[PDB]
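In: Enclosed are the sequence and the experimentally obtained structure.
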Amino acid sequence: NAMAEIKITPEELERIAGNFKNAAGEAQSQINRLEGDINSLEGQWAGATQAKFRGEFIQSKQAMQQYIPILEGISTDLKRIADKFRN
Amino acid sequence: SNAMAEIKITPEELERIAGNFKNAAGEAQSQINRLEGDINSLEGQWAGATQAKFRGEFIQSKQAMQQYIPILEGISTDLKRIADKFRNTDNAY
(Lines give C-alpha, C1' and ligand atoms only; values in the text may rest on other atoms or scores of the structure.)
Protein backbone atom coordinates (compact mmCIF):
# COMPACT_ATOMS: atom_id res chain seq x y z
CA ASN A 1 0.00 0.00 0.00
CA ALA A 2 2.90 2.33 0.74
CA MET A 3 4.05 2.21 -2.89
CA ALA A 4 0.78 3.44 -4.45
CA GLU A 5 1.10 6.06 -7.18
CA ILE A 6 0.24 9.53 -5.86
CA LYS A 7 -2.36 10.87 -8.29
CA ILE A 8 -1.79 14.35 -9.71
CA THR A 9 -3.95 17.11 -8.20
CA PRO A 10 -3.58 20.90 -8.27
CA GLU A 11 -2.22 20.65 -4.71
CA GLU A 12 0.53 18.28 -5.86
CA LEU A 13 1.42 20.47 -8.80
CA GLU A 14 1.66 23.53 -6.56
CA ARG A 15 3.78 21.63 -4.05
CA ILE A 16 6.26 20.56 -6.72
CA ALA A 17 6.19 24.06 -8.25
CA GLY A 18 7.20 25.26 -4.78
CA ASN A 19 10.13 22.85 -4.79
CA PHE A 20 11.38 24.39 -8.02
CA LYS A 21 10.88 27.96 -6.80
CA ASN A 22 12.68 27.20 -3.55
CA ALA A 23 15.55 25.52 -5.39
CA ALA A 24 15.95 28.69 -7.46
CA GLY A 25 16.21 30.75 -4.27
CA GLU A 26 18.76 28.40 -2.73
CA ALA A 27 20.83 28.48 -5.93
CA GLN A 28 20.83 32.29 -5.93
CA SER A 29 21.91 32.35 -2.27
CA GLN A 30 24.76 29.97 -3.04
CA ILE A 31 26.14 31.94 -5.93
CA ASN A 32 25.94 35.11 -3.81
CA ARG A 33 28.01 33.52 -1.04
CA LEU A 34 30.61 32.14 -3.46
CA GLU A 35 30.93 35.56 -5.14
CA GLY A 36 31.74 36.98 -1.72
CA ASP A 37 34.57 34.47 -1.37
CA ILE A 38 36.05 35.42 -4.75
CA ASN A 39 35.71 39.11 -3.81
CA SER A 40 37.59 38.42 -0.56
CA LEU A 41 40.63 37.14 -2.49
CA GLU A 42 41.11 40.36 -4.44
CA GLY A 43 44.42 41.91 -3.42
CA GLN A 44 45.37 38.87 -1.32
CA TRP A 45 47.57 37.21 -3.97
CA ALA A 46 49.03 37.83 -7.47
CA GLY A 47 46.77 39.65 -9.93
CA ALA A 48 47.21 36.88 -12.49
CA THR A 49 45.90 34.37 -9.95
CA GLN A 50 42.89 36.52 -9.09
CA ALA A 51 42.10 36.98 -12.80
CA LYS A 52 41.96 33.21 -13.33
CA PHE A 53 39.64 32.59 -10.38
CA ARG A 54 37.43 35.58 -11.18
CA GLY A 55 37.12 34.35 -14.76
CA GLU A 56 36.14 30.83 -13.70
CA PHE A 57 33.67 32.18 -11.20
CA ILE A 58 32.00 34.44 -13.78
CA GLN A 59 31.64 31.38 -16.02
CA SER A 60 29.92 29.52 -13.17
CA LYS A 61 27.67 32.54 -12.59
CA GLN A 62 26.63 32.61 -16.24
CA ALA A 63 25.67 28.92 -16.00
CA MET A 64 23.64 29.71 -12.89
CA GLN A 65 21.88 32.57 -14.68
CA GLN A 66 20.68 30.09 -17.30
CA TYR A 67 19.68 27.49 -14.70
CA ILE A 68 17.53 29.64 -12.42
CA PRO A 69 15.06 30.83 -15.11
CA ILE A 70 14.64 27.22 -16.29
CA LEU A 71 13.59 26.17 -12.78
CA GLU A 72 11.23 29.15 -12.60
CA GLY A 73 9.72 28.19 -15.95
CA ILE A 74 9.01 24.67 -14.70
CA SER A 75 7.33 26.18 -11.63
CA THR A 76 5.20 28.44 -13.86
CA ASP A 77 4.22 25.55 -16.11
CA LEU A 78 3.14 23.40 -13.15
CA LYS A 79 1.09 26.29 -11.73
CA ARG A 80 -0.59 26.93 -15.09
CA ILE A 81 -1.83 23.34 -15.16
CA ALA A 82 -2.84 23.48 -11.49
CA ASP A 83 -5.01 26.53 -12.29
CA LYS A 84 -6.61 24.62 -15.18
CA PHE A 85 -7.64 21.82 -12.81
CA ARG A 86 -9.08 24.30 -10.30
CA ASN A 87 -11.09 26.17 -12.95
CA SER B 1 51.59 34.10 7.12
CA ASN B 2 53.74 34.19 4.03
CA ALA B 3 57.32 35.32 3.58
CA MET B 4 56.09 37.23 0.49
CA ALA B 5 54.14 40.44 1.15
CA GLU B 6 52.06 39.85 -2.00
CA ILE B 7 50.61 36.69 -0.44
CA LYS B 8 48.21 37.86 2.26
CA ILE B 9 46.35 34.58 2.70
CA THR B 10 47.38 31.39 4.51
CA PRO B 11 47.12 27.84 3.12
CA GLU B 12 44.44 27.07 5.71
CA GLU B 13 42.35 30.05 4.57
CA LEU B 14 42.54 28.88 0.95
CA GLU B 15 41.53 25.39 2.11
CA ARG B 16 38.52 26.87 3.93
CA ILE B 17 37.37 28.72 0.82
CA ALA B 18 37.98 25.55 -1.23
CA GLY B 19 35.65 23.75 1.21
CA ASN B 20 32.92 26.27 0.46
CA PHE B 21 33.25 25.52 -3.25
CA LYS B 22 33.26 21.75 -2.68
CA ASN B 23 30.19 22.02 -0.42
CA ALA B 24 28.45 24.13 -3.04
CA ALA B 25 29.18 21.56 -5.77
CA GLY B 26 27.74 18.83 -3.55
CA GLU B 27 24.64 20.88 -2.71
CA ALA B 28 24.01 21.66 -6.39
CA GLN B 29 24.19 17.97 -7.28
CA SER B 30 21.84 17.06 -4.43
CA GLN B 31 19.38 19.74 -5.61
CA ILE B 32 19.23 18.64 -9.22
CA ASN B 33 18.88 15.01 -8.02
CA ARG B 34 15.86 15.76 -5.84
CA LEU B 35 14.21 17.85 -8.57
CA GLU B 36 14.82 14.93 -10.95
CA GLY B 37 12.97 12.70 -8.51
CA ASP B 38 10.02 15.11 -8.65
CA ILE B 39 9.93 15.17 -12.44
CA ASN B 40 10.23 11.38 -12.55
CA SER B 41 7.34 11.07 -10.08
CA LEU B 42 4.99 13.02 -12.40
CA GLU B 43 6.26 11.81 -15.77
CA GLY B 44 4.14 8.67 -16.05
CA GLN B 45 0.99 10.69 -15.46
CA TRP B 46 1.60 13.11 -18.33
CA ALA B 47 1.14 12.27 -22.03
CA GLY B 48 2.14 13.61 -25.43
CA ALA B 49 3.35 17.18 -25.76
CA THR B 50 2.91 17.91 -22.04
CA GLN B 51 5.07 14.96 -20.98
CA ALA B 52 7.74 16.06 -23.48
CA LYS B 53 7.54 19.67 -22.30
CA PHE B 54 8.47 18.82 -18.72
CA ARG B 55 11.05 16.21 -19.72
CA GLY B 56 12.82 18.66 -22.03
CA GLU B 57 12.79 21.60 -19.64
CA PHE B 58 14.24 19.40 -16.93
CA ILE B 59 16.98 18.11 -19.25
CA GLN B 60 17.88 21.74 -19.94
CA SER B 61 18.22 22.42 -16.18
CA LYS B 62 20.37 19.31 -15.78
CA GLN B 63 22.64 20.45 -18.62
CA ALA B 64 23.13 23.84 -16.97
CA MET B 65 24.22 22.09 -13.76
CA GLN B 66 26.63 19.98 -15.82
CA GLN B 67 28.34 23.25 -16.75
CA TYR B 68 28.17 24.75 -13.26
CA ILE B 69 29.30 21.87 -11.04
CA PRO B 70 32.64 21.08 -12.75
CA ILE B 71 33.56 24.78 -12.64
CA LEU B 72 33.05 24.81 -8.85
CA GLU B 73 34.96 21.55 -8.47
CA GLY B 74 37.81 23.01 -10.52
CA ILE B 75 37.93 26.13 -8.39
CA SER B 76 38.06 24.03 -5.21
CA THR B 77 40.82 21.75 -6.57
CA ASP B 78 42.83 24.72 -7.79
CA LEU B 79 42.52 26.63 -4.50
CA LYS B 80 43.91 23.59 -2.69
CA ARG B 81 46.81 23.30 -5.14
CA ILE B 82 47.71 26.92 -4.50
CA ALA B 83 47.44 26.35 -0.77
CA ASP B 84 50.06 23.61 -1.13
CA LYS B 85 52.34 25.92 -3.11
CA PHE B 86 52.04 28.80 -0.63
CA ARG B 87 52.67 26.45 2.31
CA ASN B 88 56.35 26.21 1.49
CA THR B 89 56.84 29.89 2.37
CA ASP B 90 54.20 30.17 5.09
CA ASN B 91 55.57 30.33 8.65
CA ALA B 92 58.75 28.76 7.26
CA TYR B 93 61.43 31.30 8.18
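Out: Ah, there it is. Numbering: from 1, shown residues only, chains lettered A, B, ... in the order given.
In: Quick check, residue A:78 in contact with residue A:16.
Out: Yes - with contact defined as Cβ atoms under 8 Å, residue A:78 reaches residue A:16; the gap is 5.7 Å. Bear in mind the C-beta positions are built from the backbone N, C-alpha and C, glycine included.
In: Near chain B, which residues of chain A? Just list them.
Out: A:5-8, A:16, A:19-20, A:23, A:26-27, A:30, A:33-34, A:37, A:40-41, A:43-46, A:49, A:52-53, A:56-57, A:59-60, A:63-64, A:66-67, A:70-71, A:73-74, A:77, A:81 (Cβ under 8 Å from any Cβ of the partner chain).
In: Pull the contacting residues for the spatially closest residue to residue A:27 that is not a sequence neighbour.
Out: Nearest residue to residue A:27, sequence neighbours excluded (Cβ to Cβ, 6 or more residues apart in numbering or on different chains): residue A:68, at 5.8 Å. Residues near residue A:68 by Cβ atoms under 8 Å, 6 or more residues apart in numbering or on different chains: A:24, A:27, A:28.
In: Show me where chain A has its helices.
Out: For chain A, the helices defined by DSSP state H cover A:10-41, A:47-86.
In: Which residue, other than its chain neighbours, is closest to residue A:49?
Out: residue B:82 (7.0 Å).
In: For the residue nearest the centre of chain A, list the residues it contacts.
Out: Taking Cα atoms, centre = their mean, the centroid of chain A lies closest to residue A:24, which sits 2.9 Å from it. Applying Cβ under 8 Å, 6+ apart to residue A:24 gives the contacts A:68, A:71, A:72, A:75.
In: if we go to 6 Å?
Out: When contacts are counted by Cβ atoms under 6 Å, 6 or more residues apart in numbering or on different chains, residue A:24 touches A:68, A:71, A:72.
In: Go through the residues you listed and name the one nearest chain B.
Out: residue A:71 (5.9 Å; Cβ to the nearest Cβ).
In: That closest one and residue A:19 touch, don't they?
Out: No - checked against Cβ atoms under 6 Å, the pair residue A:71 and residue A:19 is beyond contact range at 9.2 Å.
In: All good on my end, thank you.
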